[PDB]
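Any value given below was found using the heavy atoms of this structure, including those in side chains, with hydrogens, waters and symmetry copies removed. Note that ligands are numbered from 1 as they come in the structure, with each ligand's atoms numbered from 1 the same way. Chain letters run A, B, ... following the sequence lines, proteins first, then strands; residues in each count from 1.
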There are 2 protein chains.
Amino acid sequence: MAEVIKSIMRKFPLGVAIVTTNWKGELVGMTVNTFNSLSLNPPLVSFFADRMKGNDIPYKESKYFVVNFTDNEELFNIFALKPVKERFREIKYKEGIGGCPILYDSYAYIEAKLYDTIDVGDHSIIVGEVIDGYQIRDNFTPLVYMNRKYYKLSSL
Amino acid sequence: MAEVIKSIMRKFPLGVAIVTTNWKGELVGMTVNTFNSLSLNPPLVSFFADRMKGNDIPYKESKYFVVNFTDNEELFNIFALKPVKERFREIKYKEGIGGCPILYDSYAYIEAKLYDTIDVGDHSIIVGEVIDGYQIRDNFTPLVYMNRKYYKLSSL
Ligand SMILES: NC(=O)c1ccc[n+]([C@@H]2O[C@H](COP(=O)([O-])OP(=O)(O)OC[C@H]3O[C@@H](n4cnc5c(N)ncnc54)[C@H](OP(=O)(O)O)[C@@H]3O)[C@@H](O)[C@H]2O)c1
Ligand SMILES: NC(=O)c1ccc[n+]([C@@H]2O[C@H](COP(=O)([O-])OP(=O)(O)OC[C@H]3O[C@@H](n4cnc5c(N)ncnc54)[C@H](OP(=O)(O)O)[C@@H]3O)[C@@H](O)[C@H]2O)c1
Ligand SMILES: Cc1cc2nc3c(=O)[nH]c(=O)nc-3n(C[C@H](O)[C@H](O)[C@H](O)COP(=O)(O)O)c2cc1C
Ligand SMILES: Cc1cc2nc3c(=O)[nH]c(=O)nc-3n(C[C@H](O)[C@H](O)[C@H](O)COP(=O)(O)O)c2cc1C
C-alpha cells in the first residue's frame, strides 16, 4: 500500500514551501509539499513532519515556525537535498519571530506560533497559529511539485 | 488573520481531488484542496473538512471514503458549487467499498477506511487508511487550483 500511495502521489501536483525554525539556536528548515491552511477561526496552518527522519523534533521543541513561499527552485533543492549544516551558509536570510529564519528570496511568508502537534502514523501534524503574514513581492512565478519536478502553471 | 491566510493561499497552488462517501445511503462528495498523503506505515491519507458547514459529519459517520483524482474541471465545479441533491444526477459513477461512489471520469482513485478524525479549530482532519488504489487511465492532464482557477502545468 506504501507503493500505491507513492505512485498516485507522483502524479498529484502539490504546492511547495520551505518551513523553518530556530531550534535552540540552530537554524533549520525543510522543503515540504504538505503545507496547507487548516482553520480560519482560529487562524491555523499545518504541515506534516516525518517522525522516522526526526523532522518533527525541531518544531515540537520550538515555540514558532516560519513558512517561506518562494519561486526559486534552487532553494527547494537546498532545503530537500543538502546537509543540514550547509543550508543557511548559501542563502540570504534574516531572523524573525523567535529567531526563525525568513528567506530573502521568499515572495511571501507566514509567522506562526506552535499551536499543536499530533502524531498520526509515521508523521506528526505540525499546526501553527498565524501571528503575522507578509506579501513582500507581487511579481512571482508559483511552482508546483509533481513527479520529482517543479512546474510553472500554464498559464499564470 | 483570516484574510491574511486567504490572501496568501490565493496565490498558493494546490492539487485538487473529489472525496466521496456513502453516508447512510446518501451519495455525497466534495472538491477539496487539502488532500495529501500523511503516512506510509501505516498507509494513511488525509483531507480537512469544514466543521462549520458540516462537511466533517458524513465522513465521521461512514466507515470508508473514496478519493477521486480527475482532470475534468466541470466535475470540480459540480462538487464545489451545485446543490448536494443534484451532484450524482449529472455524472456517471459506480459504487465501491462501503457503497462509496467512484467517479467514472477519474483517472485514479483510492479506497480508504476511516482511521481517525481530529478536530482542530474550525475543521476536522479526516484520516483514512488506504485499503486499495487504482490507476485506471494513464493519459491525463493534472490540474492545480489557485486564485479560483484550475490550471494545467507548463509543461507536462
Ligand atoms: N505521506 C508520506 O509519508 C510520504 C512519504 C514519501 C513519499 N510520499 C509521497 O509520494 C510521492 C512520490 O514518492 P517519492 O519517493 O518518489 O518522493 P519524491 O517525489 O522523489 O521526493 C523526494 C524525497 O522527499 C521525501 N518526501 C517527499 N514527500 C514527503 C512527505 N510527504 N513526507 C516525508 N518525506 C517526503 C521522500 O523521502 P523518502 O524517499 O525517504 O520516503 C522522497 O524520497 C511524494 O512526492 C510524496 O507526495 C509521501
Ligand atoms: N483553511 C481554511 O479553513 C480555509 C477556508 C477558506 C479559504 N481558505 C483558503 O484560502 C483560499 C482563498 O480563499 P477564498 O475564499 O477566495 O476561496 P476560493 O478559492 O474562492 O474557494 C471557493 C470556496 O470554497 C471554500 N473553500 C476553499 N478551500 C477551503 C478549505 N480549505 N476549507 C473549507 N472551505 C474551503 C471556501 O468557502 P468559504 O468562502 O465559505 O470560506 C470558498 O469560498 C482558498 O483557496 C483556501 O486555500 C482556507
Ligand atoms: C518536494 C519535497 C517535498 C517534501 N515534503 C516533506 C514533507 O511534507 N514532510 C517531511 O517531513 N519531509 C518532506 N520532504 C523531505 C524533507 O524536505 C527532508 O527530509 C528535510 O529537508 C531533511 O532532509 P534530510 O533528512 O536529508 O536531512 C520533502 C522533500 C521534497 C523533495
Ligand atoms: C477548489 C476548492 C477547494 C475546496 N477545499 C475544501 C476543503 O479542503 N475542505 C472543505 O471542507 N471544503 C472545501 N471546499 C468546499 C467544499 O467543496 C464545499 O463546501 C462542499 O462541496 C459542500 O458544498 P456546500 O457547502 O455548498 O453544500 C473547497 C471548494 C473549492 C472550490
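The backbone N or O of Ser37(B) sits nowhere less than 3.5 Å from a side-chain atom of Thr34(A) that would complete a donor-acceptor pair.
Annotation: ligand 1 has protein neighbours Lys6(A), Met9(A), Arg10(A), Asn33(A), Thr34(A), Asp50(A), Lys53(A), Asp122(A), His123(A), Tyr145(A), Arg148(A), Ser37(B), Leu38(B), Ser39(B), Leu40(B), each with a heavy atom less than 4.0 angstrom from the ligand.
Scanning all protein heavy atoms for the shortest distance to atom 31 (C) of ligand 3 gives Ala80(A) CB, 3.6 Å. Scanning the protein for heavy atoms near atom 23 (O) of ligand 3, the closest one is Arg87(A) NH2, 3.2 Å. Taking atom 21 (O) of ligand 3 as the reference point, the nearest protein heavy-atom neighbour is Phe79(A) O, 2.8 Å. In terms of protein heavy-atom proximity, atom 20 (C) of ligand 3 is closest to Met30(A) CB, 3.6 Å.
Here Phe35(A) has no heavy atoms under 4.0 Å from ligand 3, in either its backbone or its side chain. With a 4.0 Å cut-off on non-hydrogen atoms, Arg51(A) does not touch ligand 3 at all.
Rounding to the nearest 0.5 Å gives a distance of 8.5 Å between CD1 of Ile110(A) and CZ of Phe65(A). One finds the CZ atom of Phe76(A) at 5.5 Å from the OG1 atom of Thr70(A) (value rounded to the nearest 0.5 Å). The CD atom of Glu90(A) lies 4.5 Å from the CD1 atom of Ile78(A); values are rounded to the nearest 0.5 Å. The OG1 atom of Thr20(A) sits 10.5 Å away from the OH atom of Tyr109(A) when rounded to the nearest 0.5 Å. Rounding to the nearest 0.5 angstrom, the gap separating the CG atom in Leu143(B) from the OG1 atom in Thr141(B) is 7.0 Å. The distance from the CG atom of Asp50(A) to the CD1 atom of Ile57(A) is 11.0 Å, given to the nearest 0.5 Å.
Taking only non-hydrogen atoms, the option from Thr31(A), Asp50(A), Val19(A) nearest to atom 13 (C) of ligand 3 is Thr31(A). For the residues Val144(A), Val84(A), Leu14(A), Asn55(A), the heavy atom positioned nearest atom 27 (O) of ligand 3 is part of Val84(A). Looking at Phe76(A), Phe48(A), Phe47(A) and measuring to atom 7 (C) of ligand 3, the nearest heavy atom belongs to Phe48(A).
Below 3.5 Å of separation, one finds an N or O of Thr34(B) facing an N or O of ligand 4. In terms of N/O distances under 3.5 Å, ligand 3 is not approached by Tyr150(A).
The side-chain heavy atoms of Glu95(B) and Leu27(B), taken from C-beta on, include a pair separated by under 4.5 Å.
Which parts of ligand 4 touch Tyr145(B) is read off a 4.0 Å heavy-atom cut-off, strictly below it: atoms 1 (C). Listed by number with element, the atoms of ligand 4 under 4.0 angstrom from any heavy atom of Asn33(B) are 3 (C), 4 (C), 5 (N), 8 (O). Heavy-atom contacts of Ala49(B) reach the following atoms of ligand 4: 11 (O) (cutoff under 4.0 Å). Close approach of ligand 4 to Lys53(B) (heavy-atom distance below 4.0 Å) involves ligand atoms 19 (O), 25 (O).
Relative orientation of the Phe88(A) and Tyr93(A) rings is perpendicular, given thresholds of 30° and 60° on the angle between their planes.
Looking only at atom types and distance, the side chain of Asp119(A) has a donor-acceptor partner in the side chain of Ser124(A) under 3.5 Å away.
Outside the 6.0 Å centre-distance limit, the rings of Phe140(A) and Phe69(A) are not counted as a close aromatic pair.
Crowding of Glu74(B) atom CD: a count of heavy atoms from other residues, nucleotides or ligands under 6.0 Å not exceeding 12. Heavy-atom contacts from other residues, nucleotides or ligands closer than 6.0 Å to NZ of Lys60(B) number more than 12.
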